[PDB]
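J.: my sequence and its experimental structure, below.
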Amino acid sequence: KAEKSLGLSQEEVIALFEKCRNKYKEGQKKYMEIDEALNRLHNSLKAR
Amino acid sequence: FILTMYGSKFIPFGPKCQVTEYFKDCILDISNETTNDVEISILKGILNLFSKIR
Amino acid sequence: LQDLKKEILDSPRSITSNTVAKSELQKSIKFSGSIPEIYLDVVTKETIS
Amino acid sequence: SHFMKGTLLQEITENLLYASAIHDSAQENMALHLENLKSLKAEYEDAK
């Protein structure tokens, strides 16, 4: 009954959560790298 | 330091002074104009202006 | 997987370039007034002079 | 144009303009990535 209410198999949902967490972590790292690069480029552009 | 020193008897304004020429030579050596601190460009301009002053 | 997920739930799930510096400047301001955020942003983002 | 090219200021202006264009494109892509990261964060909040 819980599975039919959720629809997707719990193993699939937990694997999707794990991959989503990995994607969130890599996206956060990419966002931080892009933000740092943009800030460094902005400071370099102002200095130049 | 450069702003403080100039205008005195020891470091007077003038194109013929050797000290200003040496300072300009050093600033031109460090200056690259691609990835440089603003202070280097400001020093170059100020030294040129002081050299031009008679 | 359930016990691993329980430890994963313990881990936080789902810019701040100058937030700390701007916040600390705002807290120690000694001024009774508007103190617009633009002033704090321009003061805390010089990076040159 | 002749004065700028002779004094090696034209190349500095071209490099600055190219860097400024790259910065503007990077800022637009950073805004798109922030929107995508917020959409991914909402999807991951739904996954949570």
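T.: That came through fine. Numbers count the residues shown, from 1 in each chain, chains lettered A, B, ... in the order given.

J.: now do the contacts for residue A:31.
T.: D:33-34, D:37 (CB atoms under 8 Å, 6 or more residues apart in numbering or on different chains). All C-beta atoms are positioned from the backbone trio N, CA, C, and that covers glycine.

J.: could you redo the last one with a cut-off of 7 Å?
T.: With contact taken as CB atoms under 7 Å, 6 or more residues apart in numbering or on different chains, residue A:31 is in contact with D:33, D:37.

J.: any idea how far the closest residue to residue A:14 other than its chain neighbours lies from chain B?
T.: Spatial nearest neighbour of residue A:14, excluding adjacent residues (CB to CB, 6 or more residues apart in numbering or on different chains): residue C:1 at 5.2 Å. For residue C:1, the distance to chain B (CB to the nearest CB, to the nearest Å) stands at 51 Å.

J.: equivalent analysis for residue C:40, please.
T.: 23 Å.

J.: number of nearby residues for that residue?
T.: 17 (other CB atoms under 10 Å in any protein chain shown).

J.: next up, identify which helix or strand it is on.
T.: Assigned by DSSP states H and E, residue C:40 belongs to helix C:37-44.

J.: look through the chain and tell me its longest helix.
T.: Picked chain A for this. As assigned by DSSP state H, the longest helix anywhere in chain A is helix A:10-47.

J.: hmm, I had chain D in mind actually
T.: Chain D, longest helix under DSSP H: helix D:10-47.
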